[PDB]
Amino acid sequence: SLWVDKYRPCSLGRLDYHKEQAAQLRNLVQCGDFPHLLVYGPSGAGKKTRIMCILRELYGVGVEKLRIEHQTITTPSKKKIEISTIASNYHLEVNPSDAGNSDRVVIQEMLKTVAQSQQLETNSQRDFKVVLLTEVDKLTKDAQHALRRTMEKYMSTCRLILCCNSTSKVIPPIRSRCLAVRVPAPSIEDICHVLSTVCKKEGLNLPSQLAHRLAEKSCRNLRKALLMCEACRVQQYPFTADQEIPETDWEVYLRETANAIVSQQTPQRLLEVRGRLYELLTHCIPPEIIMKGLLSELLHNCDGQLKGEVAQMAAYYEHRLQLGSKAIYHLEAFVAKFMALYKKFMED
Amino acid sequence: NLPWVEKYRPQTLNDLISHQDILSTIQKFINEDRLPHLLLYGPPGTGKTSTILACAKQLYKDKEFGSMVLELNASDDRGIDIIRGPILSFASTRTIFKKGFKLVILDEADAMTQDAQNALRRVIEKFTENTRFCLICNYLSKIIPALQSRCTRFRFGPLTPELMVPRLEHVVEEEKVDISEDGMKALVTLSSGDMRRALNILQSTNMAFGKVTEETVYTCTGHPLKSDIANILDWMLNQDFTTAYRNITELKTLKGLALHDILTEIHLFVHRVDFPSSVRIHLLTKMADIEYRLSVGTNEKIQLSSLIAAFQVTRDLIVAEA
Amino acid sequence: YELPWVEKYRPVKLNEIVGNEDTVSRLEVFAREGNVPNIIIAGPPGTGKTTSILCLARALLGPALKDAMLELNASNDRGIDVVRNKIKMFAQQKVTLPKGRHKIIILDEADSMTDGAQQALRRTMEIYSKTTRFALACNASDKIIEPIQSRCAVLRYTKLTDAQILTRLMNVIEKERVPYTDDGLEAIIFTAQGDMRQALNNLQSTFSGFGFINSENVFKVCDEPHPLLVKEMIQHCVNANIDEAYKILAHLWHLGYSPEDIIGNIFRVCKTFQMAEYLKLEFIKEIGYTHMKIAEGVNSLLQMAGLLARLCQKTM
Amino acid sequence: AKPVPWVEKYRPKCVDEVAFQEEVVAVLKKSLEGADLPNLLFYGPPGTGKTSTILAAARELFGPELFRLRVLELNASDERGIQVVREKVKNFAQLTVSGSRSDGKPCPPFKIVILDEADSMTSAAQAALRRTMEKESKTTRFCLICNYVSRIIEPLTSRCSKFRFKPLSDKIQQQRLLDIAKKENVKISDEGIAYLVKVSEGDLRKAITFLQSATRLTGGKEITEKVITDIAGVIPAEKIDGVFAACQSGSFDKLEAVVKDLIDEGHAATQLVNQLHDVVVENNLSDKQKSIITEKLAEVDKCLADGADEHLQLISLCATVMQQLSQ
Amino acid sequence: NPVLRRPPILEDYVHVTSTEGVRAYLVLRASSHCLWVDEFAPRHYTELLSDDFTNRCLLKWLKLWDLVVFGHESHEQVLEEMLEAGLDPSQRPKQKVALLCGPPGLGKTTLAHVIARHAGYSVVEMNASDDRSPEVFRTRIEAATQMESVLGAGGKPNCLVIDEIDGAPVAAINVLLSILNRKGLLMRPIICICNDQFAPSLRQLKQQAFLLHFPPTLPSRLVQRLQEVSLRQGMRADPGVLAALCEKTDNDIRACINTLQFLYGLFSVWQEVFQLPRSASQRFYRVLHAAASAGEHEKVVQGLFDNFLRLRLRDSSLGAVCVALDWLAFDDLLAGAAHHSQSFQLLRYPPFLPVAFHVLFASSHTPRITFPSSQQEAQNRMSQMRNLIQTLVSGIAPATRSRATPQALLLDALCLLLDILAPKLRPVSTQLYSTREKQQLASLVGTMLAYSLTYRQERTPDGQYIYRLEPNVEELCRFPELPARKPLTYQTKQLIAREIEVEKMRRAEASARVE
Ligand SMILES: Nc1ncnc2c1ncn2[C@@H]1O[C@H](COP(=O)(O)OP(=O)(O)OP(O)(O)=S)[C@@H](O)[C@H]1O
Ligand SMILES: Nc1ncnc2c1ncn2[C@@H]1O[C@H](COP(=O)(O)OP(=O)(O)OP(O)(O)=S)[C@@H](O)[C@H]1O
Ligand SMILES: Nc1ncnc2c1ncn2[C@@H]1O[C@H](COP(=O)(O)OP(=O)(O)OP(O)(O)=S)[C@@H](O)[C@H]1O
Ligand SMILES: Nc1ncnc2c1ncn2[C@@H]1O[C@H](COP(=O)(O)OP(=O)(O)O)[C@@H](O)[C@H]1O
Ligand SMILES: [Mg+2]
Ligand SMILES: [Mg+2]
Ligand SMILES: [Mg+2]
């Protein structure tokens, strides 16, 4: 069993970072009229830790007894779509963004179905029940309009906890009626604290300097930090400060992509780097993640008078990739513009 | 009683004005029996339904109007079902009374899918000597080019103020309202050549403020006056960023104006200003960027300060050019 | 009760069609021979796909046309039961036909049919091909599946070159003795744009509307933006002049033109304008971007002003 | 009883309870004697009480006997479907009763339908609403409630009477929130109340919901600035001073540090655009610098409205405020 | 000069100030009876036109199905090994149903018909979406199979050949799966044909079905078969137009035979774009009319994206590549917005995308224009990667699927997991292992039991065995151009696999004991 999820907290008092938000949420769920929640922050900050912790504090013992159900829905076109559901006897958890263009269909039908379902022995447990919408940000406009309709009509019997990142694409009038809970990414010292705790439980003597290296290469992402710690334990048990940390294959692939860019400024190297971009894109990783990795591994090389225009073109081609439908044209346009600007930079 | 728009629908080819060529060609078509299928396209509220209904009531009596004219629009469900329903069933059959061609009047015809347009254009080809269609639409560009290759297209165009005043004067004569000299000018400017908005805003400020002046209709409609836009552009080209931003946000909060109307009136004011050509190119580029920028749902104050920002760059440029 | 010119001057034989000369000649070779393969005819509207398929079916069958030819169209219902029943038991039927002549199912506007309709189509046209042959007509091949274009022979009809449109137009005009001006007839070409039925209807319409066929009459009964005004607009955008082009813009906006038709005629004039090739590419890209601004729902005069500003700044 | 939120609980109820909106009372008071009115559209920030004003107004025009029979109230964001626009309004106008009451008072013979929050509808739904207003212009009158003008389309606003609803502008909300705090036994100082007014631009309902949320988190503790800054979606001011200190002079390493230190905190980039815009338009920067920074803030808010990545765009926005601040 | 600091004489004016305040004002004033695709249908196995491996594989599958209905007793070696991967005790193959797929017009139906006629089966056909209700599909699915023959002393049996189930409604594939998974028993082989392999209705079928993905036909046998057809029909033997024609249609037999039957494009447009012919407005109008008459723009743009950088470009500013990329992205934006706004006015611009390339890449040098499009292969690889990651996240139990996103699992929690699952272990026996290795094996077997993955043996084509992952997760984590890490040994992998199976019966026994 991995220690990333084995030593996960259960109660709100055994949290390692953001104690004040933990106390605020504990006193919020201590009284009645628990409102609609919109939890947000960066990836790996620990939103879902707060969410199952809130579910632990809201209910009794049976909060981690989860199972997968499969529910079929019908589009206006005659086609059956099977959707997945992570559910318990006290709550619901749905990812509704897996259905791309039929997100309004599932957002109407599935929560109409669970709203029309009656809580058996409702006097014993609590007043209402909670529904998690795990990936909610990339839902489209009228899907989120049906979502706020669902929030309005079953306000007495079904409150929702929407979890996402980058709420700019989340519509305004769902943010008005939802209590906004913001979970920041843990700092370098809090990541070092929880790494030292997860090593002290498992009989380990991690030096502080290697914990700083793990925190600074995890880029404020605790799950990735604990996975690096696990992989470092697998690689070598005697821990030295000068330790080779096993970085993930797509980051070092982006590093090789970036040094293939800065090596040559010719169309043949552009063909090679377009092949590398295709190999990166075929693994179903998001192109904004590729863009961010390219800019992070690109700013370690370029001169100080050229970082600003490079960053502006990075934002420009990420935005036009979001407006478009095929990623490789905008990505290789960004790479071609960077090569043209760099060869103008060293040519003069 | 009713609103003035429904009380004065021109019932006679005499009452309507400023559409005399459409009048002459359609009466020339209908007297010699050479009327083709019609496609009437233009802005809203320039009288598309009124002329075809008066023409259909000119052809037929009231006692035979029910079997020679079928009226549909988009209030009903429209698509592939009702083209294979009432439309061709009316079109393929004869007349219950006497003899002659029939009429289908389809209001707001640009709201159907292109499959429905293909079904309807084949229906138009199949039955022509016994059915004469009439499709009223707002935009021509929502209609497939073969359908425009069937039915002759008539453009109504704008309602010019010099033949928009006397109908408003006639409804003023019939229904007594307190209206000053600026009332006709504000009616023919504010309604944007749409006479359905003219008789709706006339009833709105008659019921609301009683008297009809420039100030009453501009405060009821919420439009900014020319003095307001002159003050806004004077603050943008005169004061610094804090003072101009504070002045315009105070004026916009007090008067309840909207940034889209401010942008439109400012654009219609820029070409009055004798800007240098590069500065006007800068202004039109940035203002078109802002008007696309409001269309997605951005925060209005930030685009307001963006307009102030572009005008601050311009005032530095004109002084640097002077 | 005279018939319109679209149906009166329809061709009755396969050599009167001026659309695609090699395809028409091969269709006549198949009409005189008999073993016509499964064909699909694609192209823009008005090229004459329907009259080519109808003339091929007539010259094949002759007196047995009323029983050996099934014309299914867009105005008829084309559900799953229709391709299950009507097309199937037409393809299963027997007709006493000659040695080379074959049954014909004219499937006009096949791009508008649903996916299950084509799913029930495919087996039928593969199996019953010893007796019945499918002659599909369509506008865009993208809405039809690739297997149907595989089992058919695809016949791309081009947009008509203006010379053959002129030859047919002198044929119709000499058949009617309608007076004309030359530049008015070129205006009828400009209003056609590869749509020959549109050219015939606009000529028809225009003569019935106003005697002499002159640029003024056809441009009055059509009321598109004038080519001279939009061409002078693009010329004023070439030499970096926002103001002189904006008087033309205000002229076309106070005339009541919708922005969609303004930007469509702007692109259509910019297609054939005599300017630099890379400059034409940049102009077409900016006109396309403003056309997406229009199509997304921003139809102001300021979008036209920003289009003019972007065309002005792209010429230094 | 159920815990009622204090927005609809504390809304006005009668015609004269509207807190100085006597023009909206007077136009109708004229319409009582005139017995005729066109379509209506009330636009204004929420919590003002347009819906309660038109409910009491229709109660004055019909009476409690005819209120449940002649007034149909629908929420447009609850009825965004094109079917329920084109079926329920048709069924309401088709079922007609006479305009005569048992009390003997005269009554105008047209129906009343209300569509609340109609600005959230799309273009096609609003076009279908325009069609429903077009075909039912004889037997059923239309009134709409919205918060913004241009979200309602131009054909929908060309056939109605537009009424601006002004809220409690200044110096009334602070003591009102103090009465709510003393009624529910809530301890909150003057600066917290002033910050509650300041975080919402003219919005009462936002202030009541933020006070409800802060009292729910504290549960009886002091409402400090940190809790209100957390709930109202405010970046703390020291983060903006750190951003301006990093972007004033130095290298791109400190910007990347503060941008990656602003995304990590969980802050929305639109909130940075709003607050950074607020601190640029009020500071003592040059006009060219203020202009370039604010134009880029508008462009960044545009692309965040289009769904672009916040990280790269805050990097580019901080890069151009660095290139404007260092020079 | 448009600006005067002096106040206008008698017209209106607007003030302009600066940061200094100069205050300048602005002025406000049966040879001929059947087709050539029908007369040239191969009636025997000798004259088939497909890959010989595919025909042999399907012939061996229908030759091994003969046990229960007659009573008679690289990717290629993977397919051959699952062909001979044992038999079910009720004498059925482990691969009950075939799922041949591919592009149109290769001969899947012809191959299936002649193989069914070769293996002693009376052919019977099916179109799936022809009859799209569950009930008629159910009636035909238990009528075509599950039955004997009425003729004489047995006669010959029938095997069901379902065509066009790629577009079948999901209830029909559900009925077929429920009739396949019954354990009154399915006895006749079912031969399904699907055009799109990655259809969402077909995803549950492949996991059980036999798969024979059709490779494209080699052009040399295409050319000589078309030459045989031309010499039999009396057509002139011109192999250049046959090779070009077959290159244009992506090696589709229906298209070339129908075109040569009609006779008594892509490469021309590509050659006009990428090489000037041996005024500039004249070739501009010529390539514009060629791009307008090309019609199909999706494959043209897809091939232009896979060829515009392979030219011998001497650009010293890479400006042309940037402009071509902006043009391609503009076409992408415009196609997406024309899909969103449903406007046909925008559909006249993508003909200007290849034309622009002719202004940018009019290379005089003879261009190496490559017909296969790597964008299609990249889309297919991305799609099969997507099916693999949904299969993986379906593999997880709800306990962990809950803790993390599949996006976060793919980006941040899978390669490090593999690196955890690939430790350094000596190749010794489990009893000779120490205590620390024993609890490390306990941690590894707990991680595999929670993630539901195992190691399965397979035959390397050299004759020996090797052990692989059960969902083969390394192809979505590792990358080809990386420094390769040392994999686990054979002995460690097999001892871990026996520990996996031992823990599986262990947890089964404890779950039986608790209940
Ligand atoms: N030329 C005109 N002369 C007099 N009154 C006119 C004229 N044009 C419009 N009107 C008035 O405008 C009212 C509305 O006219 P309609 O024909 O219904 O508008 P429309 O042209 O159909 O546009 P729609 O229906 O919104 S697409 C009529 O009842 C007339 O009173
Ligand atoms: N090549 C041609 N030569 C002569 N007349 C033609 C030609 N093409 C079209 N026409 C005329 O235009 C009329 C309409 O032609 P159709 O064949 O119906 O057009 P189409 O090819 O079917 O395109 P659609 O159906 O509108 S998409 C015919 O009746 C002819 O009078
Ligand atoms: N060896 C061959 N030589 C010549 N023609 C052949 C040969 N084998 C098959 N054909 C013909 O070519 C076609 C074979 O393709 P089909 O199997 O019918 O279509 P398909 O390959 O299944 O692809 P789709 O998706 O059904 S269009 C048939 O028309 C056969 O008559
Ligand atoms: N106090 C803590 N103790 C141990 N682990 C923690 C703690 N806080 C967060 N984590 C770890 O950080 C990771 C954050 O993942 P998650 O909650 O999914 O955040 P996100 O939803 O943003 O990806 C979790 O896997 C969790 O194990
Ligand atoms: Mg009308
Ligand atoms: Mg046709
Ligand atoms: Mg098939």
# chains A, B, ... in the order shown; residues from 1 in each chain; ligands from 1
call {"tool": "residues_near_ligand", "arguments": {"ligand": "ligand 1", "cutoff": "9 Å", "atoms": "only C-alpha atoms and all ligand atoms", "output": "count of residues only"}}
result
45
call {"tool": "interface_residues", "arguments": {"of": "chain B", "to": "chain D", "cutoff": "6 Å", "atoms": "only C-alpha atoms", "output": "ChimeraX atom specification"}}
result
/B:75,197,200,204,208,221,242,293,302-303,306,309
call {"tool": "residues_near_ligand", "arguments": {"ligand": "ligand 3", "cutoff": "8 Å", "atoms": "only C-alpha atoms and all ligand atoms", "output": "compact mmCIF listing (two decimals) with N, CA, C and O atoms, in the first residue's frame"}}
result
# COMPACT_ATOMS: atom_id res chain seq x y z
N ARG C 122 -26.39 1.28 -47.67
CA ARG C 122 -25.14 0.69 -48.17
C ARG C 122 -25.31 -0.75 -48.64
O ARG C 122 -24.85 -1.11 -49.74
N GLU C 126 -25.03 -2.27 -52.51
CA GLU C 126 -24.08 -3.33 -52.86
C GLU C 126 -24.78 -4.59 -53.37
O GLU C 126 -24.31 -5.20 -54.34
N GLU C 146 -17.89 8.11 -45.81
CA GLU C 146 -16.90 7.60 -46.76
C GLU C 146 -17.24 6.27 -47.44
O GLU C 146 -16.84 6.11 -48.61
N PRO C 147 -17.88 5.26 -46.80
CA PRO C 147 -18.24 4.05 -47.55
C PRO C 147 -19.17 4.25 -48.75
O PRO C 147 -19.02 3.53 -49.74
N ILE C 148 -20.12 5.18 -48.69
CA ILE C 148 -21.00 5.41 -49.83
C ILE C 148 -20.24 6.04 -50.99
O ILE C 148 -20.42 5.64 -52.15
N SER C 150 -17.15 5.47 -51.41
CA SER C 150 -16.30 4.38 -51.87
C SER C 150 -17.03 3.49 -52.87
O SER C 150 -16.49 3.17 -53.93
N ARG C 151 -18.26 3.08 -52.55
CA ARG C 151 -18.96 2.15 -53.43
C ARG C 151 -19.53 2.86 -54.66
O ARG C 151 -19.90 2.20 -55.63
N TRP E 36 -18.19 -3.78 -62.59
CA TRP E 36 -16.85 -4.34 -62.56
C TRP E 36 -16.45 -4.77 -61.16
O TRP E 36 -15.48 -5.52 -61.01
N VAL E 37 -17.16 -4.31 -60.13
CA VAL E 37 -16.92 -4.82 -58.78
C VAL E 37 -17.68 -6.12 -58.54
O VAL E 37 -17.42 -6.81 -57.55
N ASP E 38 -18.60 -6.49 -59.43
CA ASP E 38 -19.39 -7.70 -59.28
C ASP E 38 -18.86 -8.84 -60.13
O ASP E 38 -18.84 -9.99 -59.68
N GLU E 39 -18.41 -8.54 -61.35
CA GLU E 39 -17.88 -9.58 -62.27
C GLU E 39 -16.46 -9.98 -61.83
O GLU E 39 -16.04 -11.10 -62.17
N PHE E 40 -15.78 -9.12 -61.08
CA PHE E 40 -14.40 -9.37 -60.66
C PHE E 40 -14.36 -9.62 -59.16
O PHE E 40 -13.47 -9.17 -58.44
N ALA E 41 -15.36 -10.35 -58.67
CA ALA E 41 -15.38 -10.82 -57.30
C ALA E 41 -14.69 -12.17 -57.24
O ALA E 41 -15.02 -13.07 -58.02
N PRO E 42 -13.71 -12.35 -56.35
CA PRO E 42 -13.00 -13.63 -56.28
C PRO E 42 -13.88 -14.73 -55.70
O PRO E 42 -14.41 -14.61 -54.59
N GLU E 47 -7.44 -16.01 -55.53
CA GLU E 47 -7.44 -14.68 -56.12
C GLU E 47 -7.87 -13.59 -55.15
O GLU E 47 -8.42 -12.57 -55.58
N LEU E 48 -7.64 -13.78 -53.85
CA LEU E 48 -8.00 -12.76 -52.88
C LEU E 48 -7.02 -11.59 -52.88
O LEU E 48 -5.85 -11.74 -53.24
N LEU E 49 -7.52 -10.43 -52.47
CA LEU E 49 -6.73 -9.21 -52.35
C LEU E 49 -6.88 -8.70 -50.91
O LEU E 49 -7.75 -7.88 -50.60
N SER E 50 -6.03 -9.22 -50.03
CA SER E 50 -5.85 -8.74 -48.67
C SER E 50 -4.47 -9.16 -48.21
O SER E 50 -3.71 -9.78 -48.97
N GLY E 102 -11.49 -1.50 -40.04
CA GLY E 102 -10.60 -0.73 -40.88
C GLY E 102 -11.30 0.30 -41.74
O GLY E 102 -12.48 0.62 -41.55
N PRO E 103 -10.57 0.85 -42.72
CA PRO E 103 -11.15 1.85 -43.62
C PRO E 103 -12.06 1.19 -44.65
O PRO E 103 -12.02 -0.03 -44.82
N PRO E 104 -12.91 1.97 -45.33
CA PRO E 104 -13.81 1.38 -46.33
C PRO E 104 -13.09 0.84 -47.55
O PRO E 104 -12.01 1.31 -47.92
N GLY E 105 -13.71 -0.15 -48.18
CA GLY E 105 -13.31 -0.61 -49.51
C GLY E 105 -12.00 -1.37 -49.61
O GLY E 105 -11.23 -1.13 -50.54
N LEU E 106 -11.75 -2.30 -48.69
CA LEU E 106 -10.60 -3.18 -48.79
C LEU E 106 -11.00 -4.60 -49.17
O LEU E 106 -10.28 -5.28 -49.91
N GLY E 107 -12.15 -5.07 -48.69
CA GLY E 107 -12.56 -6.43 -48.96
C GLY E 107 -12.79 -7.28 -47.73
O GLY E 107 -12.58 -8.49 -47.78
N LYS E 108 -13.19 -6.65 -46.62
CA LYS E 108 -13.52 -7.41 -45.41
C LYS E 108 -14.74 -8.29 -45.62
O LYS E 108 -14.75 -9.45 -45.19
N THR E 109 -15.78 -7.76 -46.26
CA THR E 109 -16.98 -8.54 -46.54
C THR E 109 -16.69 -9.66 -47.53
O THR E 109 -17.19 -10.78 -47.37
N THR E 110 -15.88 -9.37 -48.56
CA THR E 110 -15.50 -10.39 -49.53
C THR E 110 -14.67 -11.49 -48.89
O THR E 110 -14.90 -12.68 -49.16
N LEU E 111 -13.72 -11.12 -48.03
CA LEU E 111 -12.90 -12.10 -47.32
C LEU E 111 -13.75 -12.96 -46.40
O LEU E 111 -13.59 -14.19 -46.37
N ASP E 163 -22.70 -6.99 -40.45
CA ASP E 163 -22.06 -5.80 -40.99
C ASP E 163 -22.62 -4.56 -40.31
O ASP E 163 -23.75 -4.56 -39.81
N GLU E 164 -21.79 -3.51 -40.25
CA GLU E 164 -22.18 -2.15 -39.90
C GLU E 164 -22.72 -2.04 -38.47
O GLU E 164 -23.69 -1.34 -38.20
N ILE E 193 -18.30 -6.83 -38.48
CA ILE E 193 -17.50 -5.86 -39.22
C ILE E 193 -17.86 -4.47 -38.73
O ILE E 193 -19.04 -4.10 -38.62
N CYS E 194 -16.83 -3.68 -38.43
CA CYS E 194 -17.01 -2.35 -37.85
C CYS E 194 -16.08 -1.41 -38.60
O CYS E 194 -14.91 -1.74 -38.79
N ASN E 195 -16.57 -0.25 -39.03
CA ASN E 195 -15.68 0.67 -39.74
C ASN E 195 -14.78 1.43 -38.77
O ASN E 195 -13.56 1.48 -38.94
N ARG E 225 -3.14 -6.33 -60.08
CA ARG E 225 -4.53 -6.76 -60.18
C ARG E 225 -5.34 -5.80 -61.05
O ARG E 225 -6.17 -6.24 -61.85
N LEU E 226 -5.09 -4.49 -60.92
CA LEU E 226 -5.77 -3.52 -61.78
C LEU E 226 -5.33 -3.67 -63.23
O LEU E 226 -6.14 -3.46 -64.14
N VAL E 229 -7.30 -6.62 -64.52
CA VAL E 229 -8.67 -6.17 -64.78
C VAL E 229 -8.74 -5.37 -66.08
O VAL E 229 -9.67 -5.54 -66.89
N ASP E 252 -7.98 1.80 -51.82
CA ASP E 252 -9.35 1.33 -51.69
C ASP E 252 -9.80 0.73 -53.02
O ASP E 252 -9.92 1.45 -54.01
N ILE E 253 -10.08 -0.58 -53.01
CA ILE E 253 -10.42 -1.33 -54.23
C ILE E 253 -11.72 -0.84 -54.88
O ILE E 253 -11.81 -0.80 -56.12
N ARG E 254 -12.70 -0.42 -54.08
CA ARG E 254 -13.99 0.01 -54.60
C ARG E 254 -13.84 1.28 -55.43
O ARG E 254 -14.40 1.40 -56.52
N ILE E 257 -11.73 0.54 -58.84
CA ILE E 257 -12.48 -0.26 -59.80
C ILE E 257 -13.69 0.52 -60.32
O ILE E 257 -13.98 0.49 -61.52
call {"tool": "closest_atom_pairs", "arguments": {"of": "chain C", "to": "ligand 2", "cutoff": "6 Å", "atoms": "only C-alpha atoms and all ligand atoms", "output": "tab-separated table"}}
result
residue	atom	partner	partner_atom_place_in_ligand_line	distance
C:6	CA	ligand 2	31 (O)	4.5
C:7	CA	ligand 2	29 (O)	4.7
C:9	CA	ligand 2	31 (O)	4.5
C:10	CA	ligand 2	31 (O)	3.5
C:17	CA	ligand 2	3 (N)	4.0
C:18	CA	ligand 2	1 (N)	4.0
C:19	CA	ligand 2	1 (N)	4.1
C:45	CA	ligand 2	23 (O)	3.7
C:46	CA	ligand 2	19 (O)	3.8
C:47	CA	ligand 2	8 (N)	4.2
C:48	CA	ligand 2	8 (N)	3.3
C:49	CA	ligand 2	21 (O)	3.7
C:50	CA	ligand 2	17 (O)	3.7
C:51	CA	ligand 2	17 (O)	4.4
C:139	CA	ligand 2	27 (S)	5.6
C:196	CA	ligand 2	9 (C)	5.3
C:197	CA	ligand 2	12 (O)	3.8
call {"tool": "write_last_selection", "arguments": {"atoms": "N, CA and C atoms", "output": "mmCIF file, in the first residue's frame"}}
result
data_model
loop_
_atom_site.group_PDB
_atom_site.id
_atom_site.type_symbol
_atom_site.label_atom_id
_atom_site.label_comp_id
_atom_site.auth_asym_id
_atom_site.auth_seq_id
_atom_site.Cartn_x
_atom_site.Cartn_y
_atom_site.Cartn_z
ATOM 1 N N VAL C 6 -36.630 28.724 -64.450
ATOM 2 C CA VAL C 6 -35.798 27.663 -63.892
ATOM 3 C C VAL C 6 -36.265 26.303 -64.397
ATOM 4 N N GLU C 7 -37.577 26.112 -64.503
ATOM 5 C CA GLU C 7 -38.134 24.849 -64.965
ATOM 6 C C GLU C 7 -38.495 24.856 -66.443
ATOM 7 N N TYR C 9 -36.601 26.312 -68.918
ATOM 8 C CA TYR C 9 -35.365 26.147 -69.669
ATOM 9 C C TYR C 9 -34.460 25.086 -69.056
ATOM 10 N N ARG C 10 -35.046 24.133 -68.349
ATOM 11 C CA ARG C 10 -34.333 22.930 -67.952
ATOM 12 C C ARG C 10 -33.965 22.118 -69.189
ATOM 13 N N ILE C 17 -26.154 20.366 -71.219
ATOM 14 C CA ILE C 17 -25.657 20.701 -69.889
ATOM 15 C C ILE C 17 -24.194 21.114 -70.004
ATOM 16 N N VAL C 18 -23.871 22.297 -69.480
ATOM 17 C CA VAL C 18 -22.573 22.928 -69.694
ATOM 18 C C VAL C 18 -21.680 22.859 -68.458
ATOM 19 N N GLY C 19 -22.012 22.004 -67.493
ATOM 20 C CA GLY C 19 -21.323 21.993 -66.216
ATOM 21 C C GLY C 19 -19.892 21.495 -66.216
ATOM 22 N N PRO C 45 -24.383 24.452 -55.475
ATOM 23 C CA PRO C 45 -25.724 24.481 -56.076
ATOM 24 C C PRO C 45 -25.735 25.154 -57.441
ATOM 25 N N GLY C 46 -26.659 24.702 -58.290
ATOM 26 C CA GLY C 46 -26.906 25.323 -59.573
ATOM 27 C C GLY C 46 -26.058 24.821 -60.719
ATOM 28 N N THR C 47 -25.098 23.932 -60.461
ATOM 29 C CA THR C 47 -24.270 23.393 -61.534
ATOM 30 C C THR C 47 -25.043 22.473 -62.464
ATOM 31 N N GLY C 48 -26.135 21.882 -61.994
ATOM 32 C CA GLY C 48 -26.936 21.021 -62.834
ATOM 33 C C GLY C 48 -26.781 19.550 -62.526
ATOM 34 N N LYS C 49 -26.701 19.215 -61.240
ATOM 35 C CA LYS C 49 -26.638 17.813 -60.846
ATOM 36 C C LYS C 49 -27.980 17.123 -61.049
ATOM 37 N N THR C 50 -29.072 17.805 -60.683
ATOM 38 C CA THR C 50 -30.408 17.228 -60.805
ATOM 39 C C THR C 50 -30.794 17.001 -62.259
ATOM 40 N N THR C 51 -30.502 17.963 -63.140
ATOM 41 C CA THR C 51 -30.861 17.774 -64.540
ATOM 42 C C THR C 51 -29.959 16.754 -65.219
ATOM 43 N N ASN C 139 -24.559 18.285 -52.105
ATOM 44 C CA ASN C 139 -23.854 19.559 -52.098
ATOM 45 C C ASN C 139 -22.466 19.454 -51.485
ATOM 46 N N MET C 196 -26.118 28.829 -61.328
ATOM 47 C CA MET C 196 -26.726 29.119 -62.622
ATOM 48 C C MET C 196 -28.237 29.296 -62.512
ATOM 49 N N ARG C 197 -28.881 28.534 -61.621
ATOM 50 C CA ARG C 197 -30.295 28.750 -61.328
ATOM 51 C C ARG C 197 -30.526 30.120 -60.700
#
call {"tool": "residues_around", "arguments": {"residues": "residue 225 of chain C", "least_positions_apart": "4", "cutoff": "8 Å", "atoms": "only C-alpha atoms", "output": "list in words"}}
result
residues 229, 230, 252, 257, 261, 262 and 265 of chain C
